[PDB]
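A.B. asks: take this sequence and fold it.
(3 chains, ligands or ions: 6)
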Amino acid sequence: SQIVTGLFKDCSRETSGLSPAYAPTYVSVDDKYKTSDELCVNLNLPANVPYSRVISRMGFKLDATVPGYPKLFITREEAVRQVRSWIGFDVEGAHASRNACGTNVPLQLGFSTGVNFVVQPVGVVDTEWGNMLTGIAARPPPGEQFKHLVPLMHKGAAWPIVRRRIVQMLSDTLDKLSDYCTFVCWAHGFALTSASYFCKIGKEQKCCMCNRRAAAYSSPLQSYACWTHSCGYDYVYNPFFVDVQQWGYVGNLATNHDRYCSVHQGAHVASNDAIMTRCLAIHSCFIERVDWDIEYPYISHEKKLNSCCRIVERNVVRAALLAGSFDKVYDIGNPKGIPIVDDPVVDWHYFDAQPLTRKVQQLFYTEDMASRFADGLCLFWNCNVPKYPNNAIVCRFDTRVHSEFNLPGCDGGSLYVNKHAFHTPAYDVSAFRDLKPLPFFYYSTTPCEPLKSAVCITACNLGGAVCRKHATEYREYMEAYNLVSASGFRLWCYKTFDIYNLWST
Amino acid sequence: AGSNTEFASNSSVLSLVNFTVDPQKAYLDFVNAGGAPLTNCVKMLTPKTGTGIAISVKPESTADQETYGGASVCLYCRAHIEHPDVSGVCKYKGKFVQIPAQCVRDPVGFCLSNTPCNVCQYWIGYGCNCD
RNA sequence: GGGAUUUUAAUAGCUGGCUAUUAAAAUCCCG
Ligand SMILES: [Mg+2]
Ligand SMILES: [Zn+2]
Ligand SMILES: [Zn+2]
Ligand SMILES: [Zn+2]
Ligand SMILES: [Zn+2]
Ligand SMILES: [Zn+2]
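C.D. replies: Numbering: from 1, shown residues only, chains lettered A, B, ... in the order given. Ligands and ions are numbered 1, 2, ... in the order given. This is the structure:
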């Protein structure tokens, strides 16, 4: 109506507007042609054709709502629903110079995967016969903060190649995780302006070779494909955008990220900015406010891993309880107080941070309860304490193992997505300085209905023999234990453990 | 630096057109769903004694038409995106477009939805008589 | 170089008040 925006600004240095037959808007018409009734007159003065005026792309707003078209600037909760597609996105820019002044073009695009793309300075130029998206003169941002951007003015590549490189990198990253892409930006204005160079939007589409959602668009083929079938595709189709600054953060990105993190220290590079942005988003959604009621669908084998975890636990806890004649057990971290194994007759006590059952008490471990819990064995299954006591069985996830269910997190931690999103703190080997690695072994008391093992605790192997029953049992236990160990879980025990105490049963 | 060109009310739809795979369907769906059409078009003051042809080098409106600048009624010129025409040239820019007086609510939608006749150079269904 | 907020001045318009455009200044963010 009356409020004028900086989008599509005329960045040319010409002192006069355009002819009425050449100007795109009534505002851009030169004032010699206008009249009192908001109409233009066709004067006899000749036009100044040909011309070439640089047009600004700063000020995009993807807030339009059309039926059939999805919402791409998503809110917090649905971004938490789409956490597997989180890709950090930062863009550093160059100012238009020489023929133009008043717009910025992308110079280096950085992603949270640690990848940077250097591009040639390319902008929109409006000419008497239409418009073109071609290279323009640019300059680095003046100041000692952007001295590292000066060489990048002589290292760029053409935009069509960088488009395919971006699509290929996104396909390699997001093939197994999700069918979507969510760009996690810190300041979404320039990021969206740069995303206009390699993103296409529209109605949701199906991949041309399978039933998966299409995430990439090929202009030469005019086709849509998923991440698996996006070879040679040049456009990203329907990406999501998330602005972390709108979540209530004051200050720049560096002081906000450095407040809660110390791992992502690095030199000023757009990929480092993007990594810090995604880390800050992870901290904001899974550490500041946890237990958000969102379940995540399974991908590859999480049900089997869940079964194998209990299979391993019911064997290790039973053996630990049998060895050492420990008659008192504290299961610190049990949410409901359900015991692991009920075959041995020992005293059981339950603690948790947020107990779901009145049988379970509230407890937090800060090493000052080390002498408090000294009369019995301590179970810590998926319980994160900065230091573990000397009398305890511990299972802790190694955050250095990256999988489909283990995304990178904050401050060295990892986002473990197993029907729920848990932020596991960084795996520190000094936390088990009073513990030893638990050796591989199997215990069994079942009756009987080639294999040789020096660690199998069974009356069959105690007599120097074996049968088909235990030859199969030991192998399925090996499969379960492998799956658990290759998933990333590490098991630790008190220092004095050995299987020689288990022959008494 | 620079000189502003477009209102903030239009920036919601042109941005959409800057990102869609096919801009014409996007604009027509935006308008048909109830969105506000494009404004800020270059409308010319004419004596209304013209031949009434669709596209001309000078204003040629009749009493039942209005004359607009060619670049102001082209969606690709408003959104500053690539034209779909042969060799990237615009058939409207630098010329004057005659739009029927009952369709001045959305000149851009009329230019997208209609085409001039190849023989008489009038709008098809709005003045063309080649039957 | 880009944007947001606040303040001031000029211009234009509307009905003591209000809006818009442009320019300047301050703070903050991006570059
Ligand atoms: Mg940055
Ligand atoms: Zn596919
Ligand atoms: Zn970090
Ligand atoms: Zn046996
Ligand atoms: Zn055009
Ligand atoms: Zn005809």
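A.B. asks: C-alpha from now on. contacts and neighbour counts both.
C.D. replies: Noted.
A.B. asks: what about the strands in the stretch 201-350 of chain A?
C.D. replies: A:216-218, A:223-225, A:235-237, A:240-243, A:328-332, A:347-352 (DSSP state E, counting those that start in this stretch).
A.B. asks: against which helices or strands is the last one packed?
C.D. replies: So the one you mean is strand A:347-352. If contacts are counted by 3 or more CA pairs under 8 Å, 6 or more residues apart in numbering or on different chains; DSSP states H and E, strand A:347-352 sits against strand A:328-332, strand A:361-362.
A.B. asks: walk me through which strands it pairs with, and which way each runs.
C.D. replies: strand A:328-332 (parallel), strand A:361-362 (parallel) (DSSP bridges).
A.B. asks: please apply the same query to the third one.
C.D. replies: Pairing partners of strand A:235-237, with direction, according to DSSP bridges: strand A:199-200 (parallel), strand A:216-218 (antiparallel).
A.B. asks: pick the most buried one from these.
C.D. replies: strand A:216-218 (a mean of 27; mean count of other CA atoms under 10 Å in any protein chain shown).
A.B. asks: any idea how far residue A:308 lies from RNA strand C?
C.D. replies: Distance, residue A:308 to RNA strand C, by CA to the nearest atom of the strand, to the nearest Å: 45 Å.
A.B. asks: now do residue A:217
C.D. replies: 27 Å.
A.B. asks: residues contacting that residue?
C.D. replies: Applying CA atoms under 8 Å, 6 or more residues apart in numbering or on different chains to residue A:217 gives the contacts A:200, A:223-225, A:230, A:233-237.
A.B. asks: including distance to residue A:339, could those residues go into a markdown table?
C.D. replies: Formatted as a markdown table, these follow (distance: CA to CA, whole Å):
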| residue | distance to residue A:339 |
| --- | --- |
| A:200 | 54 |
| A:223 | 55 |
| A:224 | 52 |
| A:225 | 49 |
| A:230 | 49 |
| A:233 | 54 |
| A:234 | 55 |
| A:235 | 53 |
| A:236 | 50 |
| A:237 | 50 |
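A.B. asks: just the buried residues out of these, in PyMOL syntax.
C.D. replies: Per 16 or more other CA atoms under 10 Å in any protein chain shown, the buried members of the contacts of residue A:217 correspond to this PyMOL selection:
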select buried, chain A and resi 200+223+224+225+230+233+234+235+236+237
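A.B. asks: the helices in the stretch 1-150 of chain A, which residues?
C.D. replies: Taking DSSP state H, counting those that start in this stretch as the test, the helices found in the stretch 1-150 of chain A are A:76-81.
A.B. asks: so which residues on chain B come close to ligand 5?
C.D. replies: Counting by CA under 5 Å from the ion, chain B comes close to ligand 5 at B:74, B:77, B:90.
A.B. asks: look up how far RNA strand C lies from the closest residue in space to residue A:245 that isn't next to it in sequence.
C.D. replies: The shortest distance from residue A:245 to any non-neighbouring residue, by CA to CA, 6 or more residues apart in numbering or on different chains, is to residue A:186 (5.6 Å). Residue A:186 sits 7 Å away from RNA strand C, going by CA to the nearest atom of the strand.
A.B. asks: same deal with residue A:488?
C.D. replies: Distance from residue A:488 to RNA strand C, by CA to the nearest atom of the strand: 35 Å.
A.B. asks: okay, now that residue: neighbour count?
C.D. replies: 16 (other CA atoms under 10 Å in any protein chain shown).
A.B. asks: so it makes contact with residue A:405?
C.D. replies: No: the criterion here is CA atoms under 8 Å, and residue A:488 misses it with residue A:405 at 10.5 Å.
A.B. asks: residue contacts, residue A:437?
C.D. replies: Contacts of residue A:437 (CA under 8 Å, 6+ apart): A:491-493.
A.B. asks: bridged to it, which residues?
C.D. replies: residue A:492.
A.B. asks: of the contacts of residue A:437 - the most surrounded one?
C.D. replies: residue A:493 (23 neighbours).
A.B. asks: since that was my last question, I'll sign off now.
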